[PDB]
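Inspection log for the structure reproduced underneath, given as structure tokens.
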Amino acid sequence: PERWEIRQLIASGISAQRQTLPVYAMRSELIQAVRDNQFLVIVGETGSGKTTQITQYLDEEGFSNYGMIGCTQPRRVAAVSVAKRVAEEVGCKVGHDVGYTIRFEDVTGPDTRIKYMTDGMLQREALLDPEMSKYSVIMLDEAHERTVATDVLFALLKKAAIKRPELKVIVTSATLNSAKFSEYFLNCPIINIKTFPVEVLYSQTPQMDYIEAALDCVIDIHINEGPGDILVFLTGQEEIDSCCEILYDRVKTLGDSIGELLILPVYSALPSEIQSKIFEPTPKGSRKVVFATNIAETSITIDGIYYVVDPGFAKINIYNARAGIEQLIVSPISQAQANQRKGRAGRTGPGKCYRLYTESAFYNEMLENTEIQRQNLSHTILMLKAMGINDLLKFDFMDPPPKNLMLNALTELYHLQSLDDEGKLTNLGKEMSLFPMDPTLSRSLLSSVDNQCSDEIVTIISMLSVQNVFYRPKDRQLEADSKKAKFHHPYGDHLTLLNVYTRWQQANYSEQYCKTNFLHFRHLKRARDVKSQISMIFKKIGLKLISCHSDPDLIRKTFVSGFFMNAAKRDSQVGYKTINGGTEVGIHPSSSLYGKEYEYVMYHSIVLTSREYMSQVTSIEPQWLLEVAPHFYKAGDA
Amino acid sequence: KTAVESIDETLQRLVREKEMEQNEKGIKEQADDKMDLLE
Amino acid sequence: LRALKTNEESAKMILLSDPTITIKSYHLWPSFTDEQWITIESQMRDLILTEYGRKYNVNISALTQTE
RNA sequence: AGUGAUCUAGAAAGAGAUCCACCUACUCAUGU
């Protein structure tokens with residue numbers, strides 16, 4: 001096709017302030033529970049004082065041995081900020097008597113009694129110490145957010161309790177519904193604790209049309225209701241942009257009789273400066289209208305919201321265990337999420353919440369809570385086998401995943417050599433478990449010394465542990481693409497990651513040369529700190545840093561030596577076609593596709609959007625597939 | 001209440017699904033007949 | 001008549017089944033009573049749609065006016 | 001300042017494998 005066009009071309013031609021929180025007024029009750037019970041559910045209301053106060057409570061009621069208390073947060077920002085605040089509250093130095101811990105960001109020392117970490121980091125600690133011996137109480141907070149790392153820690157700590165009487169465990173939730181959690185921890189007690197009282201509207205009839213119904217609801221609220229900001233919820237950037245242009249235009253129009261209305265976005269890709277615009281005041285004769293994803297469900301506040309929409313949809317990962325495949329599907333929210341959404345109107349006064357569905361559908365048709373039934377288990381089965389769990393299928397899980405997705409996960413880990421056939425940890429599977437990565441990234445990294453390019457592959461695995469780096473604004477895609485080309489590598493977007501990191505480490509720039517080379521500084525910084533942490537684990541575990549003199553084929557072979565399974569042939573009569581599953585995909589419209597040695601790709605990410613796409617792709621010689629995983633490239637199994 | 005709306009919406013969706021099935025199942029039945037005779 | 005056109009002597013044996021019920025000299029059809037006509041019409045309808053299914057391998061009429 | 005140069009043309013009977021160019025066509029990451 002490229003060749004034929006070239007042929008036709010040739011042929012042609014202060015202390016007292018914290019007293020005031022609600023949890024103080026039940027602190028007595030909260031001993032008597034903590035004291036009498038090895039495990040305890042506590043359930044609040046977000047703002048009630050639990051993240052701050054309850055760990056402090058525990059550190060007077062339960063004190064000196066050589067031991068700490070963990071608190072666990074699903075959210076890096078909540079861990080960091082609440083550890084800073086709680087250090088002030090105690091009157092102690094941050095990183096000392098109170099400290100963090102986050103992936104490639106530790107702020108603790110040999111003084112730390114109270115240790116506010118991500119769930120993911122307590123789980124990695126528990127890979128290195130399956131008794132968590134160094135903790136005398138462990139407090140799994142925001143348990144309602146039912147992350148993978150909290151669900152695995154809940155499972156683990158069930159078992160660890162019946163090995164260690166001197167471990168007490170405190171599951172803390174913002175969703176009043178504890179029954180499920182009590183039952184799953186052997187009928188354990190409950191203790192149930194500043195939100196104002198939200199009015200709740202429902203439609204009389206199922207909507208079929210929720211975008212235009214949400215737009216008309218927001219303009220109605222802006223005409224008819226008194227002062228108070230609006231928080232819509234919508235499901236992704238494209239939708240959110242569209243509704244920001246059309247409520248900006250319709251609100252200008254009704255400005256001929258109605259106050260001024262300032263829209264904003266919010267969604268996961270936004271640059272920092274536009275994120276900060278969400279917090280602006282609410283003009284002057286006037287109101288404001290945040291148009292957010294689920295990030296505004298729990299993960300922040302915006303201070304003046306009095307009215308919430310709620311078309312009860314979000315964009316959730318789903319994994320089929322008998323096709324083998326994740327997708328990213330617009331889907332009805334849980335009842336717990338719908339409640340959180342409602343409770344964003346309520347922070348600053350009474351509030352209202354305008355649910356674009358029936359009261360029957362809230363009560364009877366939303367699922368209670370949403371992650372173990374929506375995941376590829378490969379990481380999870382590596383972690384369980386590091387935890388010594390030899391009968392995966394029997395592991396005591398409050399919702400067991402499909403035994404087919406567990407079986408598929410062992411088979412992947414065997415083809416990655418992390419496990420032997422007999423489901424037992426190889427020396428790779430041990431070392432891979434030492435890294436806080438997915439198994440394919442960890443395997444790549446490990447082997448990279450033996451492709452003579454472990455510095456290069458350290459840098460690319462750091463980059464692939466963060467977002468996309470490349471800003472492309474919808475006004476200036478030509479300028480952004482021009483920029484991106486001055487790091488691009490023709491059929492090697494993994495090598496493009498290496499090039500833009502190296503240029504970010506060049507003796508020539510910082511922040512403003514990120515913005516003038518359309519780069520996310522926040523990404524590139526985070527990738528630099530994860531490169532530093534992962535190099536420290538490499539040193540710790542003896543994996544020699546190695547480079548060559550300049551060797552792209554070595555980079556290619558290393559990447560294949562993790563991502564072998566994620567390969568995609570060019571079709572020779574049709575599109576592109578995949579080694580696992582036999583899907584029929586296209587290369588993602590981010591990346592051109594030099595169809596002349598292209599004939600196999602290795603892909604980072606499969607992206608489901610209305611079509612099948614495969615995203616961040618790099619060329620591979622198919623002979624180097626057959627030499628670097630002969631057991632996965634057996635015709636025989638094909 | 002909302003039970004009447006849920007039952008009527010589910011009955012309408014089931015009726016439209018049965019109508020699409022019975023449009024796949026007169027003309028198109030005999031088209032499948034002619035195709036099976038050609039097979 | 002659709003039953004006679006579809007399968008002739010089967011419908012003739014259905015007409016000429018009961019030897020008691022004869023045909024008068026100026027009649028064509030046998031002088032049945034009304035329940036006897038219900039039995040004859042039911043057997044003829046079953047005959048029509050039986051050979052229609054055995055000719056065109058179609059399952060059933062999915063619509064009444066189609067039937 | 002230009003003119004002027006204009007065939008055909010149908011009746012009877014009989015015959016005869018046809019074998020080939022006039023409608024365009026492709027862009028989501030819910031999070032970390």
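Each chain in the structure tokens gets a letter, A, B and so on, in the order shown; residues start at 1 in every chain, and ligands are counted from 1 in the order they appear.
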
Non-local contacts of residue 334 in chain A (6 Å; only C-alpha atoms (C1' of nucleotides); under 6 positions in same chain excluded) as a PyMOL selection string: chain A and resi 366-370

Counting only C-alpha atoms, chain B residues within 9 Å of chain C, as a PyMOL selection string: chain B and resi 22-23+25-26+29-30+32-34+37

Save the residues we just selected, N, CA and C atoms, as a PDB file, in the first residue's frame?
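out_39.pdb written:
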```pdb
ATOM      1  N   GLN B  22     -39.209 -11.390  15.826  1.00  0.00           N
ATOM      2  CA  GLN B  22     -40.225 -11.820  14.875  1.00  0.00           C
ATOM      3  C   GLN B  22     -40.174 -11.046  13.563  1.00  0.00           C
ATOM      4  N   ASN B  23     -39.368  -9.985  13.488  1.00  0.00           N
ATOM      5  CA  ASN B  23     -38.990  -9.421  12.200  1.00  0.00           C
ATOM      6  C   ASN B  23     -37.831 -10.201  11.598  1.00  0.00           C
ATOM      7  N   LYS B  25     -37.699 -13.317  12.543  1.00  0.00           N
ATOM      8  CA  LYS B  25     -38.485 -14.522  12.325  1.00  0.00           C
ATOM      9  C   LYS B  25     -39.868 -14.159  11.797  1.00  0.00           C
ATOM     10  N   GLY B  26     -42.067 -14.587   8.322  1.00  0.00           N
ATOM     11  CA  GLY B  26     -42.807 -14.267   7.116  1.00  0.00           C
ATOM     12  C   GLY B  26     -41.912 -14.136   5.902  1.00  0.00           C
ATOM     13  N   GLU B  29     -38.147 -15.439   7.296  1.00  0.00           N
ATOM     14  CA  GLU B  29     -38.218 -16.881   7.509  1.00  0.00           C
ATOM     15  C   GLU B  29     -38.098 -17.634   6.192  1.00  0.00           C
ATOM     16  N   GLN B  30     -38.848 -17.212   5.172  1.00  0.00           N
ATOM     17  CA  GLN B  30     -38.746 -17.841   3.859  1.00  0.00           C
ATOM     18  C   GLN B  30     -37.449 -17.501   3.137  1.00  0.00           C
ATOM     19  N   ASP B  32     -34.559 -17.376   4.801  1.00  0.00           N
ATOM     20  CA  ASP B  32     -33.732 -18.421   5.398  1.00  0.00           C
ATOM     21  C   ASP B  32     -34.082 -19.800   4.849  1.00  0.00           C
ATOM     22  N   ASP B  33     -35.347 -20.011   4.479  1.00  0.00           N
ATOM     23  CA  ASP B  33     -35.760 -21.259   3.839  1.00  0.00           C
ATOM     24  C   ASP B  33     -35.087 -21.431   2.487  1.00  0.00           C
ATOM     25  N   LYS B  34     -35.119 -20.378   1.666  1.00  0.00           N
ATOM     26  CA  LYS B  34     -34.470 -20.415   0.361  1.00  0.00           C
ATOM     27  C   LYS B  34     -32.963 -20.580   0.497  1.00  0.00           C
ATOM     28  N   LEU B  37     -32.330 -24.241   1.404  1.00  0.00           N
ATOM     29  CA  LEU B  37     -32.487 -25.080   0.219  1.00  0.00           C
ATOM     30  C   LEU B  37     -31.308 -24.913  -0.733  1.00  0.00           C
TER      31      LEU B  37
END
```

For residue 28 in chain D: contacts at 12 Å, only C-alpha atoms (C1' of nucleotides), fewer than 6 positions along chain excluded, given as JSON, numbers by chain: {"A": [235, 236, 237, 238, 239, 269, 315, 328, 329, 588, 589, 590, 607, 608, 609, 610, 611, 612, 613, 615]}

Emit the selected residues as a PDB file, in the first residue's frame, including C-alpha atoms.
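Saved file selection-v7.pdb follows:
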```pdb
ATOM      1  CA  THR A 235     -18.531  10.255  32.281  1.00  0.00           C
ATOM      2  CA  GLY A 236     -15.525  11.427  30.183  1.00  0.00           C
ATOM      3  CA  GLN A 237     -13.575  14.331  28.596  1.00  0.00           C
ATOM      4  CA  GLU A 238     -15.350  14.386  25.208  1.00  0.00           C
ATOM      5  CA  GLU A 239     -18.807  14.457  26.831  1.00  0.00           C
ATOM      6  CA  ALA A 269      -6.226  14.552  31.695  1.00  0.00           C
ATOM      7  CA  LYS A 315     -16.755   5.011  32.939  1.00  0.00           C
ATOM      8  CA  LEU A 328     -13.751   0.637  29.636  1.00  0.00           C
ATOM      9  CA  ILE A 329     -17.537   0.873  29.606  1.00  0.00           C
ATOM     10  CA  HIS A 588      -4.397   3.749  17.876  1.00  0.00           C
ATOM     11  CA  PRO A 589      -4.690   7.056  15.866  1.00  0.00           C
ATOM     12  CA  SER A 590      -1.977   8.513  18.173  1.00  0.00           C
ATOM     13  CA  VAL A 607      -8.255   0.491  24.262  1.00  0.00           C
ATOM     14  CA  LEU A 608     -12.007  -0.079  23.782  1.00  0.00           C
ATOM     15  CA  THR A 609     -13.892   2.966  22.509  1.00  0.00           C
ATOM     16  CA  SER A 610     -16.444   1.956  19.778  1.00  0.00           C
ATOM     17  CA  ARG A 611     -13.592   0.203  17.978  1.00  0.00           C
ATOM     18  CA  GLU A 612     -10.727  -2.005  19.200  1.00  0.00           C
ATOM     19  CA  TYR A 613      -7.409  -0.070  19.264  1.00  0.00           C
ATOM     20  CA  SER A 615      -1.821   1.798  21.859  1.00  0.00           C
TER      21      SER A 615
END
```

Could I get the residues of chain D with an atom no further than 9 Å from an atom of chain A, each paired with its nearest atom pair and that distance in Å to one decimal, using only C-alpha atoms (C1' of nucleotides), sorted by chain and residue number, as a Markdown table?
```
| residue | atom | partner | partner_atom | distance |
| --- | --- | --- | --- | --- |
| D:27 | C1' | A:589 | CA | 7.9 |
| D:28 | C1' | A:609 | CA | 6.5 |
| D:29 | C1' | A:269 | CA | 7.6 |
| D:30 | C1' | A:315 | CA | 4.5 |
| D:31 | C1' | A:268 | CA | 7.7 |
| D:32 | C1' | A:466 | CA | 8.2 |
```

Interface, chain A side, toward chain B (12 Å; only C-alpha atoms) as an NGL selection string: :A and (202-208 or 357-365)

For the residues selected in the previous step, produce a file with N, CA and C atoms as a tab-separated table (two decimals), in the first residue's frame.
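So selection.tsv came out as:
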```
chain	number	residue	atom	x	y	z
A	202	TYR	N	-35.98	12.99	41.89
A	202	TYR	CA	-35.92	11.86	40.96
A	202	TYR	C	-36.81	12.16	39.76
A	203	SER	N	-36.45	11.70	38.57
A	203	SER	CA	-37.41	11.68	37.47
A	203	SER	C	-38.52	10.66	37.71
A	204	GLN	N	-39.74	10.97	37.27
A	204	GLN	CA	-40.89	10.05	37.28
A	204	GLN	C	-40.82	8.90	36.26
A	205	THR	N	-39.93	9.01	35.27
A	205	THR	CA	-39.82	8.09	34.14
A	205	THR	C	-38.34	7.88	33.80
A	206	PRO	N	-37.89	6.65	33.50
A	206	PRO	CA	-36.55	6.41	32.98
A	206	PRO	C	-36.17	7.30	31.79
A	207	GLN	N	-35.14	8.13	31.98
A	207	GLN	CA	-34.48	8.86	30.90
A	207	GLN	C	-33.78	7.90	29.93
A	208	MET	N	-33.67	8.30	28.66
A	208	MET	CA	-33.01	7.55	27.58
A	208	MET	C	-31.96	8.42	26.85
A	357	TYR	N	-32.88	9.71	37.08
A	357	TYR	CA	-33.41	8.35	37.13
A	357	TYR	C	-34.52	8.26	38.19
A	358	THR	N	-35.21	7.12	38.24
A	358	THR	CA	-36.33	6.89	39.17
A	358	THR	C	-35.84	6.48	40.56
A	359	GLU	N	-36.61	6.84	41.59
A	359	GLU	CA	-36.42	6.32	42.96
A	359	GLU	C	-36.44	4.78	43.00
A	360	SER	N	-37.29	4.12	42.19
A	360	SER	CA	-37.23	2.66	42.04
A	360	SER	C	-35.85	2.17	41.60
A	361	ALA	N	-35.22	2.89	40.67
A	361	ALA	CA	-33.95	2.47	40.12
A	361	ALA	C	-32.81	2.68	41.12
A	362	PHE	N	-32.86	3.76	41.91
A	362	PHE	CA	-31.95	3.88	43.04
A	362	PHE	C	-32.08	2.73	44.05
A	363	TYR	N	-33.31	2.47	44.51
A	363	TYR	CA	-33.60	1.51	45.57
A	363	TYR	C	-33.31	0.05	45.18
A	364	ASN	N	-33.50	-0.28	43.90
A	364	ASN	CA	-33.75	-1.65	43.45
A	364	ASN	C	-32.92	-2.06	42.21
A	365	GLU	N	-32.19	-1.16	41.56
A	365	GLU	CA	-31.64	-1.44	40.21
A	365	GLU	C	-30.15	-1.04	40.07
```

Among the residues C:5, C:30, C:11, C:20, the one that comes closest to residue 42 in chain C [using only C-alpha atoms]: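 Closest to residue 42 in chain C of all the choices is C:11.
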
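Take CA of residue 113 in chain A and CA of residue 82 in chain A: the distance between them is 14.9 Å.
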
For CA of residue 292 in chain A and CA of residue 234 in chain A, the interatomic separation in Å (one decimal): 6.0 Å

Polymer residues at most 10 Å from residue 284 in chain A, only C-alpha atoms (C1' of nucleotides), same-chain spacing of 3 or more positions, as JSON, numbers by chain: {"A": [259, 260, 261, 281, 287]}

Residue list (helix (DSSP H, G or I), DSSP) for chain C, as a count of residues only: 36

Close residues, residue 51 in chain C itself excluded, 12 Å, only C-alpha atoms (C1' of nucleotides), min 2 positions apart in chain, as a list in words: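 Listing them by chain and then by number gives residues 2, 3, 4, 5, 6, 7, 8, 10, 11, 44, 45, 46, 47, 48, 49, 53, 54, 55, 56, 57 and 58 of chain C.
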